[PDB]
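For reference, the chain that follows is the form deposited without Doripenem (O6P), supplied as structure tokens.
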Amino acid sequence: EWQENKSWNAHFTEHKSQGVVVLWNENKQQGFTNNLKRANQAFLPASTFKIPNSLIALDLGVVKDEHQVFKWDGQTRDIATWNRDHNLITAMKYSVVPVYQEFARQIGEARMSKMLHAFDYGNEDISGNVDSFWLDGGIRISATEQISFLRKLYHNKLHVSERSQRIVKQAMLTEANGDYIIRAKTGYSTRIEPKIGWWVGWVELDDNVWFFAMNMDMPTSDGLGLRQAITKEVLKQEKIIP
């Protein structure tokens, strides 16, 4: 069911980095990783938390639909793309933390905790501030746990409406061409050691789906592009994409 291929470590070491890629072949129900231990180590989810947060906000009516505009609060932040109005699609695309912080405040602690437990999401622990626990609170999730959560979302099996799940999967759309479709979310965790980058999601093919979850050490922001680059290099090596 699980196979470890340590040769994939070269994809990280060649960039003077360390990390884990986890792949899951949905048709065969088989998983693959370069590091079984790190595949099951729990990290802060950071902006990968925008997936469950969106689901909950939609299902409770905090967000009406993917067109609703969240107005910029007029506070200049250091990420230029955050200093503007957003809807759910662009907020996911530009990982707009302050929009999702307001979602969490409107959800509130009790409902957030209850929903994460319903989702079986990571350690299901929201200790910390309700508007930042996924950045510097107690919540943790592993790469294999990301796969488990994403498989439920793909199959519309989470305990929210089908509509909420379809909308979030629309918002996860990252890349599409004649060969494949990628639905995914990046993450970047800096407030708690070790600093890491995430990329989690799946690749849709004509006749199969491959789920993936990766994290890697990220001592500075200069390496952020390696999150997708390394993942796609593994996918190409494994003949999942050309």
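For the two forms, the rigid core is made up of the largest set of C-alpha atoms that agree within 1.5 Å on superposition. Residue positions are given as counts along the sequence shown, with the first one as 1.
Once the rigid core is matched, which of the two stretches, 226-234 or 7-15, lies farther off on average in 7 other deposited structures of this protein by C-alpha? Once the cores are fitted, 7-15 deviates more in 7 other deposited structures of this protein.
Which wins on mean Cα temperature factor, 2-10 or 231-239? Per the PDB record, 2-10.
Averaging the C-alpha B factors as listed in the entry, name the stretch that ends up higher: 121-129 or 163-171. It is 121-129.
Can you pull the Cα B-factors for 183, 50, 28, 195 from the entry and say which is highest? Answer, based on the entry's C-alpha B-factors: 28.
Most elevated Cα B-factor in the entry, residues 143, 104, 158, 150: It is 143.
Sort the modelled residues of this chain by their C-alpha B factor and say whether residue 81 lands in the lowest, middle or highest third. Highest third, going by the recorded CA B-factors of the chain.
Once the chain's modelled residues are ordered by C-alpha B factor and cut into thirds, is residue 110 in the lowest, middle or highest one? It belongs to the highest third of the chain when residues are ordered by C-alpha B-factor.
With respect to C-alpha B-factor, does residue 59 fall in the lowest, middle or highest third of the chain as deposited? Within its chain, residue 59 is a lowest-third residue by C-alpha B-factor, going by the deposited values.
Taking only the Cα B-factors deposited for this chain, tell me whether residue 176 sits in the lowest, middle or highest third. Middle third - that is where residue 176 ends up once the chain's C-alpha B-factors are sorted.
What third of the chain, by the recorded C-alpha B-factor, contains residue 39? Middle third of the chain for residue 39's C-alpha B-factor.
One more form of this protein should be noted, the form solved in complex with Doripenem (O6P), which is absent from this view; the next part is about it.
205, 176, 42, 36: which sits within 4.5 Å of Doripenem (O6P) in the entry with it bound by any heavy atom? It is 205 that has a heavy atom within 4.5 Å of the partner.
With heavy atoms only and a cut-off of 4.5 Å, decide whether residue 67 touches Doripenem (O6P) in the entry with it bound. Flag for residue 67 set to no.
Check residue 18 for me: does it contact Doripenem (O6P) in the entry with it bound (non-hydrogen atoms, 4.5 angstroms)? Taking the distances in the entry with it bound, the answer for residue 18 is no, it never comes within 4.5 Å of Doripenem (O6P).
How about residue 4: is it within 4.5 Å of Doripenem (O6P) in the entry with it bound, going by heavy atoms? Because no heavy atom of residue 4 falls inside 4.5 Å of Doripenem (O6P) in the entry with it bound, the answer is no.
Tell me, yes or no, whether residue 25 is in contact with Doripenem (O6P) in the entry with it bound, where a contact means a heavy atom of each within 4.5 Å. Within the cut-off, so yes.
Counting only non-hydrogen atoms and a 4.5 Å cut-off, give the residues of 220-242 close to Doripenem (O6P) in the entry with it bound. 238, 239, 240 sit within 4.5 Å of the partner.
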